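Engineer: Next up is a structure, given as structure tokens.
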Amino acid sequence: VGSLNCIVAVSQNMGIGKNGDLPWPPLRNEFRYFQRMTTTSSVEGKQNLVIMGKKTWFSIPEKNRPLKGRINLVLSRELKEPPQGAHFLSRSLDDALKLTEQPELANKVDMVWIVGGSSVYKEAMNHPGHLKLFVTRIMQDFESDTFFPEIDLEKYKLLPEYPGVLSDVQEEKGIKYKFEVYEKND
Ligand SMILES: NC(=O)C1=CN([C@@H]2O[C@H](COP(=O)(O)OP(=O)(O)OC[C@H]3O[C@@H](n4cnc5c(N)ncnc54)[C@H](OP(=O)(O)O)[C@@H]3O)[C@@H](O)[C@H]2O)C=CC1
Ligand SMILES: COc1ccccc1/C(=C/c1coc2nc(N)nc(N)c12)CC(C)C
């Protein structure tokens with residue numbers, strides 16, 4: 001199994017969601033970036049795995065659900081089986097990562113992408129080992145009711161560029177944003 005990663009888009013006030021949707025209006029190219037980064041795998045005969053909490057799963061409109069071309073895993077202790085359209089269900093983050101090593105998935109999964117929400121991000125980020133964060137900084141404040149956990153910059157280094165990630169300011173619907181990649185190894 002290849003690398004472990006988180007990917008998020010976050011306002012200046014650290015918001016990632018409001019009422020089960022994003023705090024900002026739809027940013028089509030931002031979403032295209034999320035789909036590209038999470039779907040593209042350099043290893044022949046493998047797909048990437050996306051890991052998400054239950055409320056994030058149900059935030060994806062049925063049209064984009066499961067995320068196509070990726071294996072979709074949902075975290076929940078209440079659910080008894082994967083939701084309609086999902087592929088896997090685990091009861092903890094550690095369980096989901098252990099599962100990638102089982103015979104059913106060990107030779108099928110390339111990268112692992114944690115796609116939210118706030119508790120899953122927090123636990124992924126505080127878990128020893130090699131981890132990258134792909135963070136889109138939406139450069140305005142937006143009313144939110146979720147939030148991204150604190151990024152400890154003593155351990156997460158902001159990389160000075162990264163292949164396949166544009167380094168300059170983007171703008172859609174009058175909202176400027178930029179792409180960042182952070183890496184820790186502890
Ligand atoms: N980049 C972005 O801007 C992103 C935005 N979002 C937004 O964030 C919001 C959803 O996030 P949030 O409210 O944080 O919720 P989550 O997606 O984290 O869902 C939480 C539910 O998931 C299950 N859960 C979470 N972590 C675990 C765990 N480690 N083990 C087992 N079960 C777990 C629990 O279910 P149970 O109670 O069944 O056990 C929990 O009640 C929405 O507004 C969505 O639009 C989401 C992702 C990215
Ligand atoms: C348009 O996206 C949404 C709309 C409504 C509810 C949830 C989302 C999602 C959010 C993001 C998770 O990591 C993300 N990372 C980045 N860089 N951008 C994102 N947008 C997400 C996931 C996809 C829908 C499946």
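If you're wondering about the labels, chains in the structure tokens are A, B, ... by order shown, residues count from 1 in each chain, ligands from 1 in order shown.
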Using only C-alpha atoms and all ligand atoms, which residues of the polymer chains come no farther than 7 Å from ligand 2? I'd like the answer as a PDB file with N, CA and C atoms, in the first residue's frame.

Structural biologist:
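pocket_39.pdb, written as the output of this step:
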```
ATOM      1  N   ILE A   7      -6.633  15.316   2.306  1.00  0.00           N
ATOM      2  CA  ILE A   7      -6.864  16.348   1.347  1.00  0.00           C
ATOM      3  C   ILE A   7      -8.112  17.134   1.906  1.00  0.00           C
ATOM      4  N   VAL A   8      -8.020  18.473   1.835  1.00  0.00           N
ATOM      5  CA  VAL A   8      -9.070  19.396   2.334  1.00  0.00           C
ATOM      6  C   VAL A   8      -9.012  20.705   1.576  1.00  0.00           C
ATOM      7  N   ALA A   9     -10.140  21.382   1.534  1.00  0.00           N
ATOM      8  CA  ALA A   9     -10.226  22.789   1.195  1.00  0.00           C
ATOM      9  C   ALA A   9     -10.740  23.543   2.436  1.00  0.00           C
ATOM     10  N   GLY A  20     -23.718  20.448   6.271  1.00  0.00           N
ATOM     11  CA  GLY A  20     -23.554  19.289   5.383  1.00  0.00           C
ATOM     12  C   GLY A  20     -23.146  19.657   3.990  1.00  0.00           C
ATOM     13  N   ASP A  21     -22.694  20.884   3.738  1.00  0.00           N
ATOM     14  CA  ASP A  21     -22.181  21.273   2.462  1.00  0.00           C
ATOM     15  C   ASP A  21     -20.956  22.165   2.713  1.00  0.00           C
ATOM     16  N   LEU A  22     -20.386  22.614   1.633  1.00  0.00           N
ATOM     17  CA  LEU A  22     -19.219  23.489   1.770  1.00  0.00           C
ATOM     18  C   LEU A  22     -19.617  24.898   2.099  1.00  0.00           C
ATOM     19  N   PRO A  26     -19.915  26.547  -5.122  1.00  0.00           N
ATOM     20  CA  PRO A  26     -19.153  25.567  -5.855  1.00  0.00           C
ATOM     21  C   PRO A  26     -18.026  26.202  -6.647  1.00  0.00           C
ATOM     22  N   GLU A  30     -11.599  23.758  -8.436  1.00  0.00           N
ATOM     23  CA  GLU A  30     -11.126  23.260  -7.123  1.00  0.00           C
ATOM     24  C   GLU A  30     -11.586  21.781  -6.960  1.00  0.00           C
ATOM     25  N   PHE A  31     -12.860  21.542  -7.287  1.00  0.00           N
ATOM     26  CA  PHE A  31     -13.355  20.194  -7.226  1.00  0.00           C
ATOM     27  C   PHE A  31     -12.652  19.275  -8.210  1.00  0.00           C
ATOM     28  N   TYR A  33      -9.614  19.446  -9.061  1.00  0.00           N
ATOM     29  CA  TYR A  33      -8.289  19.207  -8.424  1.00  0.00           C
ATOM     30  C   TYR A  33      -8.462  18.076  -7.386  1.00  0.00           C
ATOM     31  N   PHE A  34      -9.468  18.166  -6.562  1.00  0.00           N
ATOM     32  CA  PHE A  34      -9.730  17.120  -5.590  1.00  0.00           C
ATOM     33  C   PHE A  34      -9.908  15.748  -6.322  1.00  0.00           C
ATOM     34  N   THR A  56     -19.488  12.890   6.108  1.00  0.00           N
ATOM     35  CA  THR A  56     -18.888  13.272   4.761  1.00  0.00           C
ATOM     36  C   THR A  56     -19.418  12.439   3.614  1.00  0.00           C
ATOM     37  N   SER A  59     -22.675  13.718   2.717  1.00  0.00           N
ATOM     38  CA  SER A  59     -22.540  15.053   2.073  1.00  0.00           C
ATOM     39  C   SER A  59     -22.289  14.994   0.564  1.00  0.00           C
ATOM     40  N   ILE A  60     -21.849  13.854   0.019  1.00  0.00           N
ATOM     41  CA  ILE A  60     -21.524  13.792  -1.374  1.00  0.00           C
ATOM     42  C   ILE A  60     -22.971  13.587  -1.988  1.00  0.00           C
ATOM     43  N   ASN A  64     -22.277  11.845  -7.288  1.00  0.00           N
ATOM     44  CA  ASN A  64     -20.837  11.766  -7.242  1.00  0.00           C
ATOM     45  C   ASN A  64     -20.408  10.656  -6.255  1.00  0.00           C
ATOM     46  N   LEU A  67     -17.353   7.903  -4.932  1.00  0.00           N
ATOM     47  CA  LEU A  67     -16.361   8.602  -5.755  1.00  0.00           C
ATOM     48  C   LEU A  67     -15.776   7.639  -6.835  1.00  0.00           C
ATOM     49  N   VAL A 115     -10.417  11.983   3.355  1.00  0.00           N
ATOM     50  CA  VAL A 115     -11.196  13.061   2.768  1.00  0.00           C
ATOM     51  C   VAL A 115     -12.211  13.719   3.783  1.00  0.00           C
ATOM     52  N   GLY A 116     -12.009  13.465   5.030  1.00  0.00           N
ATOM     53  CA  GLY A 116     -12.780  14.175   6.085  1.00  0.00           C
ATOM     54  C   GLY A 116     -13.744  13.296   6.844  1.00  0.00           C
ATOM     55  N   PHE A 134      -2.688  17.770   1.747  1.00  0.00           N
ATOM     56  CA  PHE A 134      -2.942  18.603   0.513  1.00  0.00           C
ATOM     57  C   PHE A 134      -4.061  19.559   0.842  1.00  0.00           C
ATOM     58  N   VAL A 135      -3.659  20.777   1.078  1.00  0.00           N
ATOM     59  CA  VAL A 135      -4.561  21.834   1.657  1.00  0.00           C
ATOM     60  C   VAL A 135      -4.787  22.911   0.627  1.00  0.00           C
ATOM     61  N   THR A 136      -6.097  23.127   0.319  1.00  0.00           N
ATOM     62  CA  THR A 136      -6.456  24.303  -0.504  1.00  0.00           C
ATOM     63  C   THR A 136      -6.882  25.417   0.431  1.00  0.00           C
TER      64      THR A 136
END
```

Engineer: As a VMD selection string, please: every residue in range 119-175 of chain A that DSSP puts in helix (DSSP H, G or I).

Structural biologist: chain A and resid 119 to 125

Engineer: Next, write the just-selected residues to a file, as a short mmCIF file (atom, residue, chain, number, x, y, z; two decimals), in the first residue's frame, keeping N, CA, C and O atoms as the atom set.

Structural biologist:
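Okay, this is what ended up in out.cif:
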```
data_model
loop_
_atom_site.label_atom_id
_atom_site.label_comp_id
_atom_site.auth_asym_id
_atom_site.auth_seq_id
_atom_site.Cartn_x
_atom_site.Cartn_y
_atom_site.Cartn_z
N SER A 119 -12.96 15.03 12.75
CA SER A 119 -12.36 14.07 13.65
C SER A 119 -11.40 13.08 12.99
O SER A 119 -10.39 12.68 13.59
N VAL A 120 -11.73 12.75 11.75
CA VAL A 120 -10.90 11.78 11.02
C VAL A 120 -9.53 12.48 10.64
O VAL A 120 -8.45 11.92 10.77
N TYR A 121 -9.69 13.73 10.12
CA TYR A 121 -8.49 14.55 9.89
C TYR A 121 -7.62 14.67 11.18
O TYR A 121 -6.41 14.46 11.13
N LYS A 122 -8.28 14.99 12.33
CA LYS A 122 -7.48 15.17 13.51
C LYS A 122 -6.67 13.94 13.91
O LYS A 122 -5.46 14.02 14.22
N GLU A 123 -7.37 12.80 13.86
CA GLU A 123 -6.68 11.57 14.26
C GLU A 123 -5.57 11.18 13.28
O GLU A 123 -4.46 10.86 13.74
N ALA A 124 -5.83 11.33 12.00
CA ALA A 124 -4.84 11.02 10.94
C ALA A 124 -3.61 11.93 11.20
O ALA A 124 -2.47 11.51 11.24
N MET A 125 -3.85 13.20 11.48
CA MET A 125 -2.75 14.14 11.54
C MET A 125 -1.87 13.90 12.73
O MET A 125 -0.72 14.35 12.68
#
```

Engineer: What's around residue 54 in chain A at 10 Å? Count only C-alpha atoms, leave out sequence neighbours fewer than 4 positions away in its own chain, and write the answer as a ChimeraX atom specification.

Structural biologist: /A:58-59,73-79,82-83,89,116-117

Engineer: Using only C-alpha atoms, can you tell me which of A:19, A:35, A:169, A:41 comes closest to residue 112 in chain A?

Structural biologist: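 Closest residue, counting only C-alpha atoms: A:41.
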
Engineer: Between CA of residue 45 in chain A and CA of residue 94 in chain A, what is the distance, to one decimal in Å?

Structural biologist: 24.9 Å

Engineer: Which residue is closest to ligand 1? Choose from A:101, A:44, A:143, A:186 and count only C-alpha atoms and all ligand atoms.

Structural biologist: A:143

Engineer: Which parts of chain A does DSSP call strand (DSSP E) when run on the backbone here, written out as a VMD selection string?

Structural biologist: chain A and resid 4 to 10 47 to 53 71 to 75 88 to 90 109 to 114 130 to 138 157 to 158 170 to 172 175 to 185

Engineer: Could you give me, as a VMD selection string, the residues within 7 Å of residue 48 in chain A, counting only C-alpha atoms and dropping anything in the same chain fewer than 4 positions from it?

Structural biologist: chain A and resid 38 to 39 41 70 to 71 109 to 112
